[PDB]
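Below: one protein chain in two forms, given as structure tokens, structure 1 then structure 2.
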Structure 1
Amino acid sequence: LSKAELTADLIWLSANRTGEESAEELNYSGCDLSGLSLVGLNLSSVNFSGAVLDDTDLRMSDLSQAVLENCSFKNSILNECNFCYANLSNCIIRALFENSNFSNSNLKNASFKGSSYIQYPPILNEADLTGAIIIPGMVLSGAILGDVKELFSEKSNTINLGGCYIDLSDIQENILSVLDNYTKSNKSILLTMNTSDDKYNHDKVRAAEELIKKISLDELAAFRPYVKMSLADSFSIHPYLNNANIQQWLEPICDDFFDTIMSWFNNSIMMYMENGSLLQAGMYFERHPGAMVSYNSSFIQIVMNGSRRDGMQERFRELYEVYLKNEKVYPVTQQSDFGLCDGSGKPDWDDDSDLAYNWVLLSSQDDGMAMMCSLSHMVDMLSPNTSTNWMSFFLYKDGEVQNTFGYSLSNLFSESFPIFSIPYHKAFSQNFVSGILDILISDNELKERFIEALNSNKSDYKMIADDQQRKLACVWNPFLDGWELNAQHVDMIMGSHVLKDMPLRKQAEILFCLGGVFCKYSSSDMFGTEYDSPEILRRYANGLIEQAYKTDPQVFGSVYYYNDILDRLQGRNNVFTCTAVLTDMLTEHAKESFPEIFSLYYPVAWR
């Protein structure tokens, strides 16, 4: 009947559903229902066999147990529809199927061409896809693909998987668009291949050898990092791992991609890898023993990762035991404290404590330094606590054990084992300013003013009125000697054992930034105004700055700049300059001469 007629009976059927309805009342077969929107109606068990539902909105609608056999869906919205146990054989389905549920649904000979989802794929658990056309990105978890009928396909926009067909016509005519599990998962053929059940494993390998034919050397010439990582992840696992062809195709590609990765990441903490990528990384070191030394820190992290990964542990331990034979590492393996501690020079592969001295790190420069340490303390050094112990490793020079107390740890790390330099300096720096505040301000409420103020660029809390000055004078008088820092207080600051351990140049740059910090507190944006800045903060800032000049004058660049700062801080030569301006003169110089330090020590919200 009439469109408005056939519609009204549907929504009214839905609003007054029994669940015992009769054929006549439910026979909507052959019906042309194009263009309408059955949003979230109860159509369970209804018959639409041979109907037409093109350009319709069924979002949230309940077609469970419904027979839509030989029905057409073209440009219809199916999101979140319940199709559990429904009959959908021989359907045309070009649509959005976000989270659409097809569990136990009959999808024999249906076609999915032109369909898509953004994030949540349709559900096909135990659905019947025999002879059906699917598309890349569809997740085949528990699907029923049917038995193989034609081993290899003839069509060129089509790859055979079991008894269904993966259509390659709607892929932006670029096969690269279906090889990315990281950024284009919803379009990935690799996902579609690797989420089909094991019973189709043989069918996975075939489909894979067909896929690689559709990939040209030209398409793989770019860096293509997400694409490469996906190929290595998806194809260096069973059932592909035993296939000579597939592995041979992968090797030149992975070999190139991993050399870039191992190179780029050297002396940084290493990314996380899925199994396939991890194995390729290990296989890369197998073919290039030199890389074990050249990119030592990436190698070590890769081995630590692989030697604990179910299914490759043994292969990775053998890899490591090869590196242990290296001329520079061998001497370390003979130390009584190495690995098993039994003279075998073998690691301890069965420590649940992770406290066995298994890991040997070679210097990054020609000084013959080596480090021996546990996985436990290394994992801890790479992501440090305030509790972290930074002296838990053994140190060797040319095979001879060193006392680490004879070395500046800061230098040891920055020059020889740079993997630790940032974790180490960042760990001291990040509490450095609140720590100065702890020393300075016993009154928790005042201190909390300065500490909270670190979080923002501006402050409405001003410290210029008489009482406000008097309170500052009382806090800072112990620490000030005119415009200089009191000797005892300098010792309290410079006395930090990790600070004392840094090279002078760095201590001077840290003091400089600290001068910056107080000049800033005193500025019109913060505790001062556009008329006045609290003289105590200026005096402290100036003491810091002077101290930085004593520690290492080179940090100022020229005695002219240095005197310029003193002039403005102290109002010498009748130079009267607000500290807003001065703050920028100071940070501009830090950014230019010591950007790393400046970045670690000057508060981030202030820059």
Structure 2
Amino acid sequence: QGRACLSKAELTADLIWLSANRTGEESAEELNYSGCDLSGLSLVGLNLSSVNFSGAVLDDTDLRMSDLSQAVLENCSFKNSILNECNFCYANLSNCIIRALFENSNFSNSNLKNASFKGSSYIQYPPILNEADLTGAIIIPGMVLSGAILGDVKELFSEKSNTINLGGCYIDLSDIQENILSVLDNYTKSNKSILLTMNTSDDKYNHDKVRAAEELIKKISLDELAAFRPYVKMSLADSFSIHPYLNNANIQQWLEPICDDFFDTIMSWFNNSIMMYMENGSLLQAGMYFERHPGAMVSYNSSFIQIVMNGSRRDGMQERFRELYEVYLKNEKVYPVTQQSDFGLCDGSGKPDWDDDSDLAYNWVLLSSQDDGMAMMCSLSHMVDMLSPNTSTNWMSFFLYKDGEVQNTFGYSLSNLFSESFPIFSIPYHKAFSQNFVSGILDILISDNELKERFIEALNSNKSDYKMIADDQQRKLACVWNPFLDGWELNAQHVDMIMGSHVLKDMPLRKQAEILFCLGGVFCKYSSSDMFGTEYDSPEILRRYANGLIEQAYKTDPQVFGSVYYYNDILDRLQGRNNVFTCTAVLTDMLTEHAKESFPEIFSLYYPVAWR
């Protein structure tokens, strides 16, 4: 169409029109563009199925979204081409030199024998090689080999320093920023990962994966693995602590020191927080860390328990984690709890019930974070609930022990038990209890939906354009709040309603006072120049309610103020005697600054995040 010697502009028009009127029954001559130089071109979105670009040159060509299915592309060149989203299905690309961007390029069922991808890359979506023949081909780290035909091994081991044999193909390491670490990170550098490449190859290549792995580890210096390198370490654990590498002594011994150090750091850092999710290889390595270091079962108890809960349920390693847990049950602090009627199987055998579909079995024993002899016995179901609670979470569904003796869980304060003894539950608990706290107060104060919405919406921003200092605005405020005020003090029945709430009544006095202080700060913020007040004045009603809250906080626990002088100072500023106008911007900052200094955790939970 199609002769070797023409201008590229004609080849271009020819091809764009060929594409514009494809018949499907084209002739051998009309389809012939062999040996043609098509470099520098833009053959984008062109229907070129069945075309014969044999031995041609498509360097620097934009082929994106084009259809080259069934094309005869053998012996071609695509140096610095852009192949993104090209269709190469059933295409023939034997011996081709592909140095291209190949994002989502479709080589399904293509012939790629002896081809080379050296220098190619993608950003997020790999090329598709399903049922493509890659025998003798040179591939690169990051390529996904699902369903690819690699060929059987001809040479077991490469002698070229920069290549690793996988089946009958070759992984080239000459374009990896001269840093082997760049190809070992499945999490943040997936598009460059040789671990991805190896593990996406089919099962029949399992013996080649192992060999490839032994060759790979020779290229990794112990120096390079000295740094923390967390994503690399996790990737190695994930990729090599699974079948078929698990039965290879060499690989497993190389992993151990790496994983031991990494998982030690992880277990200690994570202790008393919810545990990260782990792929199988890492989870198994986490388990093996505890096998080697039984002391850590106690030192990092909440990390340990979550790991075991995870592993005891992970298909392929359950038994191994059950045996690990049963070693922990022998610990001196744990044993007494296992000797309870309600433990595990409930038969006094000291054995968990590993076969409870409901996950209601009391299998799990958590030790206190302080030296007070406390332990908790709970079920997997309730533990998961408590770690990620909602409004319906049952917080009392565990048995408590002190020095191995069952306790009445009614003389206790959940707030204190969690914060002092089982911190793993403390943030989740206090977080759940603080949810919609000021919203709940507003629901009680303001029956008028439109006004309530102004208050609730303002929670989400640090500033408001809506103001409430005008006469009619303050009159509206007075009608709403007057039933809740006795002058500058809160009405006694309103107080009882606040102090009696589910959210407050079981908090220690001190925390009750801090929460009330914060609520006092909230209504001072509402009254300030940033919100419903102005640079020069603030709605008196809101100052009164803030004042009542502050006085209530002081009655509840005066020590939250540090001294009576600060308390008095707040009241004076709020009440503003002798003042025609009173601005609350400064006082707002005095209150939040004090909360930040004196009770930052409560402040962070109860004061709206948008406002701090």
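Residue numbering: sequential along structure 1, first residue numbered 1. Throughout, rigid core stands for the largest set of C-alpha atoms superposing within 1.5 Å between the two forms.
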If you fit the rigid core between the two structures, which of 270, 372, 485, 91 ends up with a C-alpha shift of 2 Å or more?
485
Using a rigid core alignment, state whether the CA of residue 444 is displaced by 2 Å or more between the two structures.
yes
Core aligned, does the CA of residue 152 move at least 2 Å between the two structures?
no
Quick check: residue 573 between the two structures - does its CA shift reach 2 Å or more after fitting the rigid core?
yes
Would you look up how far the C-alpha of residue 532 moves between the two structures when the rigid core is overlaid, in angstrom?
3.1
Using a rigid core fit, what is the CA shift at residue 467 between the two structures, in angstrom?
4.5
Report, in Å with one decimal, the C-alpha displacement of residue 556 between the two structures after core superposition.
1.6
